[PDB]
Amino acid sequence: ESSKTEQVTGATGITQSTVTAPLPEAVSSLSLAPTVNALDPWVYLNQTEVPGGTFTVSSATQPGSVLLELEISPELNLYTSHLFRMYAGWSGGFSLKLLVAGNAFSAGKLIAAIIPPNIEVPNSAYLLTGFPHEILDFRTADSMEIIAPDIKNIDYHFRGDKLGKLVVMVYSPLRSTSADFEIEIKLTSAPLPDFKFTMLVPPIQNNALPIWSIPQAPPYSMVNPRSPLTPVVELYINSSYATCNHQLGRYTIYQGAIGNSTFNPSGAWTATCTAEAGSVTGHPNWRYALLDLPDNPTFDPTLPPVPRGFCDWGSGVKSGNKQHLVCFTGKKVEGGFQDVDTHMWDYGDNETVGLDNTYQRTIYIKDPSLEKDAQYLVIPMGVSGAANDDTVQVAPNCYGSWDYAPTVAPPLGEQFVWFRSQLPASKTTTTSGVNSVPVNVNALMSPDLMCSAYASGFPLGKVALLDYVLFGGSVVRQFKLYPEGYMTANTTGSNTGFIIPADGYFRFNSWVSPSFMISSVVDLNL
Amino acid sequence: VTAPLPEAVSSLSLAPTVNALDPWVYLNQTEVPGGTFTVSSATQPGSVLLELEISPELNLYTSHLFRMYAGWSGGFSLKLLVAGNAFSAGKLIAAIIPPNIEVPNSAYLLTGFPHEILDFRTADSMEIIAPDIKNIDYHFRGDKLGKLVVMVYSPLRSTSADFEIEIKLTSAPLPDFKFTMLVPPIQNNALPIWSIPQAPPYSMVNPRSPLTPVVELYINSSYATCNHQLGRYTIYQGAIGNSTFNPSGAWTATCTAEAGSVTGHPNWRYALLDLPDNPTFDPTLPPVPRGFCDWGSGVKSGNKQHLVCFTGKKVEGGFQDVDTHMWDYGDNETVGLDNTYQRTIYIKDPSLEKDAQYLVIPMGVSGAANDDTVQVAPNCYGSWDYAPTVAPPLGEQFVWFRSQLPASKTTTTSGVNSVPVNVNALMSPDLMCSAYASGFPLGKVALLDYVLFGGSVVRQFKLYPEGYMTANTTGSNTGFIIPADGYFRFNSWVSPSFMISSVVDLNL
Amino acid sequence: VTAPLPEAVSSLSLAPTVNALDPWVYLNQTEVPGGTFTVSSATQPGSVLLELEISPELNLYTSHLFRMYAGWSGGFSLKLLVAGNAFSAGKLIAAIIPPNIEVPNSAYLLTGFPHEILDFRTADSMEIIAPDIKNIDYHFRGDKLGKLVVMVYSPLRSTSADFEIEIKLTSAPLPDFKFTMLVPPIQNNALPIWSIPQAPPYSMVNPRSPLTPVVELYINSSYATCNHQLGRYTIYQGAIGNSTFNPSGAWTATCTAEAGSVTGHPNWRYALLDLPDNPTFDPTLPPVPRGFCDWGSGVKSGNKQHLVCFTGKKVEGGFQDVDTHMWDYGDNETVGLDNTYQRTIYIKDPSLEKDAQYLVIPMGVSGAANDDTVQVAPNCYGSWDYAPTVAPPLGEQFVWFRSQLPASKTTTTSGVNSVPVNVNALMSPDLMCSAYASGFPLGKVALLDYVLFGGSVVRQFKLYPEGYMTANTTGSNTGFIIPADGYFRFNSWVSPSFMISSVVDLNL
């Protein structure tokens with residue numbers, strides 16, 4: 001506990017640097033582990049930036065909103081995190097330094113507090129004052145050092161315990177004459193003396209690493225799990241797409257592939273069909289078919305009803321009287337050979353439901369020469385004669401897949417990035433019926449950029465800030481990748497079909513919180 | 001003999017701070033919240049009569065103080081009070097179960113635990129020491145704790161004269177009890193005491209019949225179950241079935257369809273109800289507007305009841321030509337049996353085909369409609385999440401909120417006359433509202449007093465976390481009435497099997 | 001530090017017991033519940049910012065503890081935190097008022113009490129001692145207590161752009177603080193923290209239009225006052241005026257016709273409302289049945305916009321043919337009728353009898369405005385306990401719950417058509433029940449947060465125990481909408497002079 005005051009250059013203010021210990025530390029004797037493992041003395045003298053330990057306070061920030069929330073653990077931040085790969089347990093507190101870029105001609109106050117394990121974090125500075133806390137004034141604060149203790153009832157920690165937290169929040173709002181003034185808060189940390197490790201297990205967990213390295217693979221060498229035969233030619237942002245109900249190209253951390261997705265989408269995954277004789281009332285040639293379903297054929301209401309990865313489609317509404325999908329269909333299976341052509345098709349049309357929700361996924365193919373109990377090969381993709389770029393974007397409604405992929409939306413102020421590609425039209429000049437039209441297809445994350453994430457891993461409760469480098473010029477853009485997971489970037493303006501090349505590459509930047517505001521804007525005005 | 005297991009004391013070398021207690025808290029015993037139960041000769045052998053975690057929730061003062069703290073340590077001293085008489089042969093066993101040990105179902109095996117035996121005739125409170133069995137866990141919240149278990153040892157063989165014995169518990173912390181880590185008091189837990197407002201039930205709010213008062217709280221021994229989808233609220237999940245909170249803002253509805261007809265001496269015509277939630281339009285979500293209506297019109301008859309409804313045509317700015325018609329049941333036997341006419345409905349009007357979208361307001365019944373038909377019970381099929389049917393325990397009867405629906409009579413060619421009727425709730429949200437702020441302790445039931453004339457008459461009811469009120473009755477009757485004069489006073493927390501002392505004689 | 005009055009330490013003899021606090025409550029300073037302020041250049045000298053009783057409620061922990069105790073003493077130490085700036089100038093007074101002496105209303109008289117002068121330049125972290133003044137050994141509950149009063153001495157001015165100054169108080173009990181025991185934890189003290197269950201506004205009833213759900217939460221600056229009589233609830237009294245606690249069931253009414261007519265159009269005849277409490281024997285009781293919409297018709301007629309009601313005639317078992325009629329209130333009588341709450345009404349129905357009884361249900365208006373013609377209640381002349389007219393403080397605007405009333409159109413015989421309208425109300429009863437259970441600190445206001453889009457930056461409102469909420473706005477006054485899908489989570493207690501930092505821009 002101490003305080004230093006310094007005079008600023010050209011004396012018109014002061015800077016305060018304080019050391020405080022709101023809660024006394026209870027040092028454990030470590031008598032139940034006579035295998036105490038010592039660290040490298042220099043590791044105690046290197047303060048490093050905390051992942052997700054940066055925030056900005058503007059005049060619009062409310063008190064009671066939680067700006068920072070961090071657990072006390074070896075994950076603070078760089079060298080104890082790397083060292084906690086060879087060991088099974090740990091015990092000890094941390095020195096946390098809070099750096100504030102204040103000025104003598106502003107006003108306002110911060111509050112920081114320590115919260116024990118299994119206690120909920122409130123949303124009120126009034127309530128935070130009931131914890132062990134410290135207050136800062138923006139006119140004089142430079143750095144505050146907090147001796148954050150290790151609150152535990154055990155001799156030492158294994159993995160999976162509940163840990164205490166440091167919470168930082170605005171106590172009194174910021175004011176200034178200039179409307180563009182903001183205060184940046186940053187956090188660094190180091191282990192206190194008496195921090196120790198326990199039993200040395202040089203066998204390393206494959207998810208035992210801080211910052212991960214992304215290989216330099218440009219987007220143009222990637223699927224595109226919704227149009228595999230076509231390559232990715234650009235990224236693009238559109239303001240009108242505030243949701244995504246796709247079932248393909250949905251990959252997440254902690255689960256792998258979700259929805260009706262797979263890691264091998266090569267080609268518009270083919271399928272086979274066979275079902276009753278019967279046609280749609282809207283045309284006597286719109287015959288019925290049922291998708292052949294391996295992989296738990298028995299129609300369990302909990303297993304997916306469509307073949308894994310086949311779900312290549314557009315939409316979808318009863319206006320389908322003038323809109324259809326286009327597929328290469330082989331009309332019979334005959335000792336391997338199949339008579340193939342192109343045909344129109346779509347998901348079931350029974351206005352009882354505006355059918356995008358077929359359970360067994362009944363389809364029709366618009367073919368009068370179709371048999372009833374024969375098997376027909378079906379391979380997407382095409383559309384005609386619809387608008388139709390915006391119709392392909394909206395996927396068929398899904399409740400057949402019981403463990404289906406949920407709809408997702410970006411937070412206010414952000415938009416998706418939508419890996420984009422083009423597919424052309426297959427025109428016919430001889431016989432009527434089958435003429436498609438060109439269309440662009442978008443898609444969320446692809447398996448290529450996620451395999452590295454699966455190998456490395458993500459810290460619990462944090463997203464990845466990545467830099468997209470596209471030289472030839474000297475341009476770097478910033479994206480936020482969530483483990484749900486998908487990419488967003490901080491747009492400002494109205495839709496212009498914003499386009500970004502696909503020859504750059506992704507390089508890892510710091511970890512951040514889901515509410516982090518990117519310090520880089522894309523102007524959707526062009 | 002009073003301390004089969006000694007108490008080990010917590011060097012407390014890892015606590016950042018040790019917070020002391022007011023010394024007088026150690027010298028005063030309070031009641032244990034939820035420590036009340038009953039025993040009779042009808043109790044089944046091997047039944048666990050009481051199971052209690054050993055935590056700061058055993059005493060009013062420690063439970064109040066624990067909201068300010070993050071960790072605790074120490075055991076308790078407990079006393080059992082038994083209200084028997086000289087003819088009560090039998091014995092009780094109280095035992096301490098360590099964490100991670102399963103409770104057996106025979107007292108012969110409970111004798112293997114540190115325990116104490118008791119006689120049902122003893123007039124002196126019996127003391128036991130419930131220690132804090134631990135390596136660390138009990139310190140923080142959400143950890144595994146040792147238990148106290150109370151069971152019958154030698155069963156009540158001499159109770160030919162039926163008589164129910166009531167057991168209570170009191171507690172006090174042991175001298176080594178301590179707290180740690182002062183924190184603000186907000187922790188998400190049921191209060192040991194709700195404070196119910198003194199609002200009378202006369203508050204004219206009835207979920208199944210708004211716009212009518214709630215006079216005449218009544219009991220009927222013939223209503224042994226409750227299907228009902230509207231007036232259903234639970235303390236842990238909120239509104240269930242198709243309930244709102246806010247039943248009146250969801251009474252109206254709209255519908256639309258242009259189809260031919262169905263047969264019944266006049267001509268009717270189908271309609272479909274709008275679902276502004278446009279839910280999954282098959283099972284997994286409700287098939288009718290939230291809080292619309294569930295009267296219950298009877299069976300396939302369809303020519304005798306014909307629930308009534310105000311109905312109007314939708315046009316720009318609102319609705320036109322609002323008048324009374326009939327709806328919906330029940331002779332669409334395919335759908336009348338699948339009873340998803342929850343969505344599909346009738347109407348006694350030929351014009352409404354041109355009426356592509358019309359407003360509906362139930363407003364009453366007609367024909368040969370009784371109270372018993374309105375009481376039950378449009379069936380529910382599929383898989384939404386619909387409220388299950390429920391019955392009271394044997395010996396108890398439901399207590400309802402009752403309302404009177406007057407009749408609407410006409411003289412013109414409309415020929416649509418309603419009939420006076422009565423409607424039951426079953427439960428009103430104006431009581432669960434206050435129940436929600438306090439909350440219920442896990443596994444317990446509220447015992448409420450109902451004060452009527454100054455205090456000269458007091459009834460006693462049991463309120464379950466599933467949303468029912470029950471009363472202990474003796475006779476048989478179909479129209480027992482209780483006035484709505486209106487104190488609901490909280491008494492205590494009791495076991496679900498608790499037998500109420502005050503009985504309601506239905507033969508008067 | 002500064003101590004205007006020395007603290008006289010009491011030797012607690014003979015308190016039956018002397019109950020100590022844990023040592024860690026003395027060493028940490030928490031926020032004072034209700035001790036928050038803003039000073040701006042518009043605050044006038046002599047304005048009383050803070051008035052705070054010196055009691056266990058000055059600290060967050062002692063007020064929680066002061067619910068299982070019966071007595072206490074003595075004083076506190078307060079710390080002043082001021083969020084000032086480089087350009088401001090001004091001064092405050094802090095004075096200690098002994099009991100049972102009255103607080104003066106001028107700064108010239110505050111000098112004379114023990115006091116301290118605080119300058120905005122140097123009162124940045126300042127310690128004051130609030131003593132416990134008494135002539136007894138210890139306090140019981142309900143005793144007269146001394147006060148701390150903070151008032152503006154020299155107004156706030158600045159040398160550059162004008163900043164507001166926010167001031168907060170932290171407290172800790174002095175080492176001589178002690179309690180006196182023992183009582184159950186329900187002891188009439190307002191809890192320092194208010195826990196509001198999550199309930200969106202759309203799930204709340206609108207007391208001035210029960211059958212229509214709430215859609216918003218809108219603001220309009222042309223409404224500087226409210227004289228309504230229905231949506232009025234407070235903390236101390238509960239429902240006031242003609243208010244429930246149940247808008248729905250108390251909506252309909254009955255009236256008795258009279259032999260007479262109005263001069264203007266003889267086709268509409270008088271009638272007297274029926275009061276089941278019969279407060280015509282007594283002019284000190286309300287002259288209108290509880291409920292019964294207090295709309296909302298302006299100057300009388302000539303352009304004869306009226307109200308609209310579903311009305312019918314009483315017969316055995318119910319009511320015969322029911323239609324829509326126009327009924328607002330007498331035309332040009334001396335009391336302002338149709339601009340006064342009265343038992344006397346009229347209805348446009350030549351077919352009305354003399355001594356018959358008629359059911360009335362207000363449903364809409366005709367020829368009127370979708371705006372401030374129904375926003376104004378008629379009047380409350382008399383000697384009964386009517387609700388007073390209220391206004392927000394300067395710079396603040398009311399927040400209303402709002403609903404849309406659709407129009408009823410006709411084509412055949414009535415020629416009576418309604419107009420689509422919007423109806424707004426003050427507090428709904430569903431947001432006050434937890435408040436009633438918990439209570440408000442004396443003379444304090446609740447600063448609440450309205451959480452809107454999953455936890456974004458979101459609105460802040462002030463809730464006044466007189467039963468209404470307000471917001472801080474700037475700019476134009478065109479009707480401003482806010483969604484109705486929030487939570488209303490509790491933020492803190494503030495003085496009524498507090499000015500909200502978050503501002504609503506009424507320009508969009």
# chains A, B, ... in the order shown; residues from 1 in each chain; ligands from 1
$ closest_atom_pairs --of "chain B" --to "chain C" --cutoff "8 Å" --atoms "only C-alpha atoms" --output "tab-separated table"
residue	atom	partner	partner_atom	distance
B:19	CA	C:22	CA	5.9
B:20	CA	C:22	CA	5.1
B:21	CA	C:22	CA	6.3
B:22	CA	C:20	CA	5.5
B:23	CA	C:19	CA	7.3
B:24	CA	C:19	CA	7.0
B:60	CA	C:184	CA	7.5
B:61	CA	C:185	CA	7.5
B:64	CA	C:185	CA	7.1
B:65	CA	C:65	CA	7.8
B:68	CA	C:61	CA	7.9
B:182	CA	C:24	CA	7.9
B:184	CA	C:61	CA	7.8
B:185	CA	C:64	CA	7.9
B:186	CA	C:193	CA	7.6
B:195	CA	C:437	CA	6.7
B:196	CA	C:437	CA	7.7
B:197	CA	C:437	CA	7.4
B:203	CA	C:246	CA	6.3
B:204	CA	C:249	CA	4.7
B:205	CA	C:249	CA	6.1
B:210	CA	C:249	CA	6.2
B:211	CA	C:249	CA	4.1
B:212	CA	C:249	CA	4.8
B:213	CA	C:249	CA	5.4
B:244	CA	C:203	CA	7.2
B:245	CA	C:203	CA	6.1
B:246	CA	C:205	CA	5.5
B:248	CA	C:211	CA	5.4
B:249	CA	C:213	CA	4.5
B:250	CA	C:213	CA	7.2
B:251	CA	C:211	CA	7.3
B:252	CA	C:211	CA	7.7
B:317	CA	C:407	CA	5.9
B:318	CA	C:407	CA	4.5
B:319	CA	C:408	CA	5.1
B:320	CA	C:409	CA	4.3
B:321	CA	C:410	CA	5.4
B:322	CA	C:408	CA	7.7
B:406	CA	C:318	CA	4.7
B:407	CA	C:318	CA	4.2
B:408	CA	C:319	CA	5.2
B:409	CA	C:320	CA	4.3
B:410	CA	C:321	CA	4.8
B:411	CA	C:321	CA	7.0
B:419	CA	C:317	CA	7.8
B:420	CA	C:317	CA	6.2
B:433	CA	C:433	CA	7.5
B:434	CA	C:433	CA	6.6
B:436	CA	C:197	CA	7.4
B:437	CA	C:197	CA	6.4
$ closest_atom_pairs --of "stretch 195-284 of chain A" --to "stretch 447-459 of chain A" --cutoff "7 Å" --atoms "only C-alpha atoms" --output "tab-separated table"
residue	atom	partner	partner_atom	distance
A:207	CA	A:456	CA	5.7
A:209	CA	A:456	CA	6.9
A:212	CA	A:456	CA	5.9
A:214	CA	A:452	CA	6.4
A:222	CA	A:448	CA	6.4
A:253	CA	A:454	CA	6.7
A:263	CA	A:447	CA	6.0
$ closest_residue --among "B:445, B:235, B:394, B:217" --to "residue B:494" --atoms "only C-alpha atoms"
B:445
$ calpha_fit_rmsd --fixed "chain B" --moving "chain C"
2.1 Å
$ closest_residue --among "C:237, C:227, C:221, C:342" --to "residue C:397" --atoms "only C-alpha atoms"
C:221
$ closest_atom_pairs --of "chain A" --to "chain C" --cutoff "9 Å" --atoms "only C-alpha atoms" --output "Markdown table"
| residue | atom | partner | partner_atom | distance |
| --- | --- | --- | --- | --- |
| A:60 | CA | C:502 | CA | 7.8 |
| A:61 | CA | C:457 | CA | 7.5 |
| A:62 | CA | C:457 | CA | 7.2 |
| A:64 | CA | C:491 | CA | 7.7 |
| A:65 | CA | C:457 | CA | 7.9 |
| A:104 | CA | C:86 | CA | 7.7 |
| A:105 | CA | C:86 | CA | 6.1 |
| A:106 | CA | C:85 | CA | 6.5 |
| A:107 | CA | C:85 | CA | 5.7 |
| A:108 | CA | C:83 | CA | 5.6 |
| A:109 | CA | C:83 | CA | 7.0 |
| A:123 | CA | C:491 | CA | 7.5 |
| A:124 | CA | C:491 | CA | 5.7 |
| A:125 | CA | C:491 | CA | 8.4 |
| A:126 | CA | C:31 | CA | 6.1 |
| A:127 | CA | C:31 | CA | 8.1 |
| A:128 | CA | C:30 | CA | 8.7 |
| A:129 | CA | C:30 | CA | 5.1 |
| A:130 | CA | C:30 | CA | 5.6 |
| A:131 | CA | C:30 | CA | 8.4 |
| A:132 | CA | C:28 | CA | 7.9 |
| A:137 | CA | C:83 | CA | 7.8 |
| A:139 | CA | C:85 | CA | 8.4 |
| A:172 | CA | C:83 | CA | 7.1 |
| A:173 | CA | C:501 | CA | 7.6 |
| A:175 | CA | C:163 | CA | 7.2 |
| A:176 | CA | C:163 | CA | 7.8 |
| A:177 | CA | C:161 | CA | 6.4 |
| A:412 | CA | C:456 | CA | 8.3 |
$ closest_residue --among "C:372, C:298, C:288, C:230" --to "residue C:428" --atoms "only C-alpha atoms"
C:230
$ residues_around --residues "stretch 138-142 of chain C" --least-positions-apart "6" --cutoff "12 Å" --atoms "only C-alpha atoms" --output "ChimeraX atom specification"
/C:9-18,54-56,66-75,132,177-181,187-189
$ select_by_dssp --residues "stretch 74-204 of chain C" --states "strand (DSSP E or B)" --output "PyMOL selection string"
chain C and resi 76-83+88-97+111+113+115-119+125-130+139+147-158+165-173+178-180
$ closest_residue --among "A:425, A:493, A:483, A:2" --to "residue A:256" --atoms "only C-alpha atoms"
A:483
$ atom_distance --atom1 "atom CA of residue A:428" --atom2 "atom CA of residue A:318"
25.7 Å
$ residues_around --residues "residue A:242" --least-positions-apart "2" --cutoff "10 Å" --atoms "only C-alpha atoms" --output "number ranges by chain"
A: 238-240, 244, 408-412, 414-416
$ residues_around --residues "residue A:48" --least-positions-apart "5" --cutoff "8 Å" --atoms "only C-alpha atoms" --output "compact mmCIF listing (two decimals) with C-alpha atoms, in the first residue's frame"
# COMPACT_ATOMS: atom_id res chain seq x y z
CA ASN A 77 -1.19 -13.71 -19.38
CA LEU A 78 1.68 -15.03 -21.49
CA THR A 188 -1.17 -5.88 -17.51
CA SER A 189 -0.34 -8.63 -15.03
CA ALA A 190 2.39 -10.77 -13.52
$ residues_around --residues "stretch 29-44 of chain A" --least-positions-apart "4" --cutoff "10 Å" --atoms "only C-alpha atoms" --output "list in words"
residues 78, 79, 80, 83, 87, 89, 90, 91, 94, 95, 154, 155, 156, 189, 190, 191, 192, 193, 194, 195, 196, 197, 198, 199 and 200 of chain A; 13 and 14 of chain B
$ select_by_dssp --residues "stretch 163-364 of chain B" --states "alpha helix (DSSP H)" --output "count of residues only"
6
$ residues_around --residues "residue A:22" --least-positions-apart "6" --cutoff "9 Å" --atoms "only C-alpha atoms" --output "list in words"
residues 113, 114, 132, 133, 134, 146, 147 and 148 of chain A
$ write_last_selection --atoms "N, CA, C and O atoms" --output "compact mmCIF listing (two decimals), in the first residue's frame"
# COMPACT_ATOMS: atom_id res chain seq x y z
N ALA A 113 -13.05 -3.67 -8.44
CA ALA A 113 -13.45 -4.45 -7.28
C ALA A 113 -13.05 -5.90 -7.47
O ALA A 113 -12.87 -6.37 -8.60
N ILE A 114 -12.92 -6.61 -6.35
CA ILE A 114 -12.57 -8.03 -6.35
C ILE A 114 -13.79 -8.82 -5.88
O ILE A 114 -14.38 -8.50 -4.84
N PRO A 132 -14.65 -5.45 -1.89
CA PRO A 132 -13.34 -4.80 -1.76
C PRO A 132 -12.97 -4.09 -3.05
O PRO A 132 -12.75 -4.73 -4.08
N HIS A 133 -12.88 -2.77 -2.99
CA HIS A 133 -12.85 -1.94 -4.18
C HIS A 133 -11.87 -0.79 -4.02
O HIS A 133 -11.43 -0.46 -2.92
N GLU A 134 -11.55 -0.17 -5.15
CA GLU A 134 -10.72 1.03 -5.22
C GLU A 134 -11.31 1.98 -6.26
O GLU A 134 -11.92 1.54 -7.24
N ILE A 146 -2.92 -3.53 -8.27
CA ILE A 146 -3.80 -4.27 -7.39
C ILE A 146 -3.16 -5.62 -7.10
O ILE A 146 -2.80 -6.35 -8.03
N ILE A 147 -3.02 -5.95 -5.82
CA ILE A 147 -2.49 -7.24 -5.41
C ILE A 147 -3.68 -8.18 -5.32
O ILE A 147 -4.25 -8.41 -4.26
N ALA A 148 -4.08 -8.74 -6.47
CA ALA A 148 -5.24 -9.61 -6.53
C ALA A 148 -4.91 -10.96 -5.91
O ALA A 148 -3.99 -11.63 -6.39
$ closest_residue --among "A:497, A:354, A:402, A:338" --to "residue A:303" --atoms "only C-alpha atoms"
A:402
$ decode --residues "stretch 397-413 of chain C" --atoms "N, CA, C and O atoms" --output "mmCIF file, in the first residue's frame"
data_model
loop_
_atom_site.group_PDB
_atom_site.id
_atom_site.type_symbol
_atom_site.label_atom_id
_atom_site.label_comp_id
_atom_site.auth_asym_id
_atom_site.auth_seq_id
_atom_site.Cartn_x
_atom_site.Cartn_y
_atom_site.Cartn_z
ATOM 1 N N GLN C 397 -39.596 14.562 -18.217
ATOM 2 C CA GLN C 397 -40.822 14.256 -18.935
ATOM 3 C C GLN C 397 -41.378 12.926 -18.449
ATOM 4 O O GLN C 397 -40.628 12.028 -18.067
ATOM 5 N N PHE C 398 -42.701 12.804 -18.475
ATOM 6 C CA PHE C 398 -43.358 11.577 -18.051
ATOM 7 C C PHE C 398 -43.101 10.452 -19.045
ATOM 8 O O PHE C 398 -42.832 10.685 -20.225
ATOM 9 N N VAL C 399 -43.201 9.220 -18.555
ATOM 10 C CA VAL C 399 -43.167 8.020 -19.386
ATOM 11 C C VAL C 399 -44.493 7.298 -19.191
ATOM 12 O O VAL C 399 -44.879 6.997 -18.055
ATOM 13 N N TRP C 400 -45.190 7.019 -20.289
ATOM 14 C CA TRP C 400 -46.537 6.468 -20.249
ATOM 15 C C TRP C 400 -46.560 5.052 -20.806
ATOM 16 O O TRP C 400 -45.805 4.725 -21.724
ATOM 17 N N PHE C 401 -47.431 4.214 -20.247
ATOM 18 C CA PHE C 401 -47.786 2.961 -20.893
ATOM 19 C C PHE C 401 -48.912 3.212 -21.890
ATOM 20 O O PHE C 401 -49.868 3.926 -21.600
ATOM 21 N N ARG C 402 -48.807 2.605 -23.070
ATOM 22 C CA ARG C 402 -49.682 3.009 -24.164
ATOM 23 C C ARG C 402 -50.309 1.792 -24.827
ATOM 24 O O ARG C 402 -49.698 0.724 -24.904
ATOM 25 N N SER C 403 -51.534 1.981 -25.318
ATOM 26 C CA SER C 403 -52.272 0.933 -26.008
ATOM 27 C C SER C 403 -53.083 1.558 -27.133
ATOM 28 O O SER C 403 -53.380 2.755 -27.120
ATOM 29 N N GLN C 404 -53.449 0.725 -28.105
ATOM 30 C CA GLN C 404 -54.201 1.151 -29.280
ATOM 31 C C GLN C 404 -55.622 0.612 -29.191
ATOM 32 O O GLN C 404 -55.823 -0.604 -29.119
ATOM 33 N N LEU C 405 -56.599 1.515 -29.203
ATOM 34 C CA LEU C 405 -58.005 1.141 -29.212
ATOM 35 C C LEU C 405 -58.520 1.134 -30.645
ATOM 36 O O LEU C 405 -58.519 2.194 -31.295
ATOM 37 N N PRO C 406 -58.960 -0.007 -31.174
ATOM 38 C CA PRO C 406 -59.527 -0.032 -32.523
ATOM 39 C C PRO C 406 -60.931 0.552 -32.562
ATOM 40 O O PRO C 406 -61.595 0.731 -31.540
ATOM 41 N N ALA C 407 -61.379 0.838 -33.779
ATOM 42 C CA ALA C 407 -62.654 1.497 -34.010
ATOM 43 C C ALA C 407 -63.742 0.484 -34.341
ATOM 44 O O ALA C 407 -63.519 -0.482 -35.074
ATOM 45 N N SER C 408 -64.927 0.718 -33.784
ATOM 46 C CA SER C 408 -66.121 -0.056 -34.100
ATOM 47 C C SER C 408 -66.944 0.732 -35.111
ATOM 48 O O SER C 408 -67.343 1.870 -34.843
ATOM 49 N N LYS C 409 -67.198 0.130 -36.268
ATOM 50 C CA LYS C 409 -67.974 0.753 -37.327
ATOM 51 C C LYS C 409 -69.297 0.021 -37.504
ATOM 52 O O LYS C 409 -69.411 -1.172 -37.211
ATOM 53 N N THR C 410 -70.302 0.750 -37.980
ATOM 54 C CA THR C 410 -71.627 0.200 -38.220
ATOM 55 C C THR C 410 -72.110 0.643 -39.593
ATOM 56 O O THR C 410 -71.596 1.598 -40.180
ATOM 57 N N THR C 411 -73.112 -0.070 -40.107
ATOM 58 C CA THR C 411 -73.617 0.200 -41.450
ATOM 59 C C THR C 411 -75.133 0.207 -41.575
ATOM 60 O O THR C 411 -75.627 0.589 -42.641
ATOM 61 N N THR C 412 -75.900 -0.184 -40.557
ATOM 62 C CA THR C 412 -77.299 -0.537 -40.763
ATOM 63 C C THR C 412 -78.281 0.434 -40.118
ATOM 64 O O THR C 412 -79.086 1.045 -40.825
ATOM 65 N N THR C 413 -78.244 0.599 -38.796
ATOM 66 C CA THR C 413 -79.299 1.353 -38.125
ATOM 67 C C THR C 413 -78.765 2.374 -37.129
ATOM 68 O O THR C 413 -79.364 3.439 -36.946
#
